[PDB]
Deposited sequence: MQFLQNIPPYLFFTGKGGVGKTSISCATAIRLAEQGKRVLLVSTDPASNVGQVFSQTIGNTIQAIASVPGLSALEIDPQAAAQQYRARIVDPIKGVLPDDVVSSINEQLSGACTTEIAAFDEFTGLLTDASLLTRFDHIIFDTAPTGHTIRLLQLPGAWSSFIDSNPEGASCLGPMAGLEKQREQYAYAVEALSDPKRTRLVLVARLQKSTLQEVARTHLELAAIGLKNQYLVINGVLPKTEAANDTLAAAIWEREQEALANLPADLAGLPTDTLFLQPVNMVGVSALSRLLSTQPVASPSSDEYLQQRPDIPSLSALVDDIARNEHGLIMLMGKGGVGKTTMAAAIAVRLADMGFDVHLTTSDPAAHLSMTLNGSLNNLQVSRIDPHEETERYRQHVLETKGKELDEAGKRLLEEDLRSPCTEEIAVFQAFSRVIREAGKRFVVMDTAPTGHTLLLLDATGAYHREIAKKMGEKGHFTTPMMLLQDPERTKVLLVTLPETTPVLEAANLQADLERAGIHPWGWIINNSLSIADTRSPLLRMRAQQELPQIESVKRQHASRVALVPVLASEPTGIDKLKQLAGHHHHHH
């Protein structure tokens, strides 16, 4: 693998939940420890499972991995780090400022943004500890900071400005400005840091990764490698329509990578029949050469949704899980059964009217607004700090939700279906200053969580649900999209993967959701009403 060659001391893997960052990191560590290198594997995930893969426990203390001489591990808990970040700022004012005030300040430090800043504080400590490179040849991280977090920390305004906002976290920066600048130099130095962009052969993901590449390079991280994971080996595309349609779909994408990633050294890793749970399994991942559950169809959820003839239906979930596709499929079925439906989308690509809002224009409107509102009196460094804060992922969600709010009032006379929604955290924040009760009322609004029959994706969906719950919003149901167990295939590899889904689909059924739907992988893309209708399955 090109990414495995002459690696600098710091190795970072970035990419969406479940693309394979941790798996690839563990396999990389083993491989390097076996070449005689001293390796430190830094587990960064919220519910770390790294200990599991090595069949041993690991904590916030460096420990050698008994089963792999040369390798040690360290777990940095992000939820714990944000918690302490929050406590450092809030504890001094408890019993001082009135309870509602403290509670408001506390909520401002409970979003994904505070968690990212806290994670960076953790990354910074490791990146600045020169002693580490005295004991280790390489330190591998299974996540990486975002361009947004890095830009925030490099802005002069962050160290001299006082102003829905996510800058509250800044107040908690543990270290001196010099250490963060140092950490940033370490990240931008190709002789010290290598960044691996992990992706899947799917047109959508590739575009997101392309964007990530441009943001990080723009900041100075130009030592980047592209690793395409889970690729279907051609062999499997023999004697099977799905495996062939899939193999065909990835191939097109593989041969038509987005221009921005074309010049990057690219390696591909084949799809494995079993979720790697040991060293042999892990190491097999770097190789250069190669029955159903009892869950209702989407039709079923839609059937129960139709019951009251109207209402607000909101599809939520992480990026790329299928919110827009599911929302489309829901609106089509409702419309097809005589109900009045109004579908709203943020993605540019009768008795059913569709509204498309342009995220960019809404964001910019909303941005212009918060700028004249909170920007006055701020010097220029302060305005740039504020502008960068308006570059958080939540800024867009707020702006788009803002726009969808125009037609959310129609949920009273018909069905309004939205393909995206803000977080519970953001909702709470917006409600501090918006139709909160509407969203909280179980009748009027039905929140659907879209996810995948995979480990990380399920955990991420569960965390999004816990957060909505804090905001008094209970998800009405869960939709497990792209399932193989529900799809028909004779491909042994595929059926093997379908089997790997069972545990995840089970944890959703008996722990996360009351109402659950299973949607099959359709191969290609459900772009036409036909395909869209095919996802639902039949009545009764």
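Missing from the model, by position in the deposited sequence, are residues 164-169, 297-307, 367-377, 462-479, 587-589.
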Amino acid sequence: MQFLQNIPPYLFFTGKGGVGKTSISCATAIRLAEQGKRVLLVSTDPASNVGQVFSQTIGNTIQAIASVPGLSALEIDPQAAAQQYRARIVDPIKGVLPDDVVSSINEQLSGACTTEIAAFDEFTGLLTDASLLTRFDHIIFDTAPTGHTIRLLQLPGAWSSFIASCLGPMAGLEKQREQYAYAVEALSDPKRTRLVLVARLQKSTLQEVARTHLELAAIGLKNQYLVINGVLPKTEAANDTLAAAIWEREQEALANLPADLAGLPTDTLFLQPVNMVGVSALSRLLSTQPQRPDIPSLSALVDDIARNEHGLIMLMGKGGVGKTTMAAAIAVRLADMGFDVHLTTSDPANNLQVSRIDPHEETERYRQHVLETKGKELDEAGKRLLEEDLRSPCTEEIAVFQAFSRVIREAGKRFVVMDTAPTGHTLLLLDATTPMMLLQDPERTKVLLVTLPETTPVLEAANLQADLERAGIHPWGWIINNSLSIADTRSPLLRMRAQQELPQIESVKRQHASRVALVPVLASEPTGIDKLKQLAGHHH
From here on, numbers count along this sequence of modelled residues.
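Compared with other entries of the same protein, residue 290 falls in the group left without coordinates by at least a third of them, where both flanks are modelled.
Missing-residue comparison: residue 164 falls in the unmodelled set for a third or more of the other PDB entries checked. Across the two stretches, 362-370 and 105-113, the PDB entry reports the greater mean Cα temperature factor for 362-370. Annotation for 441-449 versus 224-232: the higher mean temperature factor (C-alpha) is found in 441-449. Among 309, 137, 142, 387, the highest C-alpha B-factor recorded in the PDB entry belongs to 309. For the set 474, 38, 31, 490, the PDB entry puts the maximum C-alpha B factor at 490. Ranked within its chain, residue 24 lands in the lowest third, by CA B factor from the PDB record. The deposited CA B-factor of residue 519 belongs to the middle third of values across its chain. Annotation for residue 513: CA B-factor lies in the middle third of the chain's modelled residues. Annotation for residue 174: C-alpha temperature factor in the highest third relative to the rest of the modelled chain, per the entry. Split the chain's modelled residues into thirds by C-alpha temperature factor. Residue 426 is in the lowest one.
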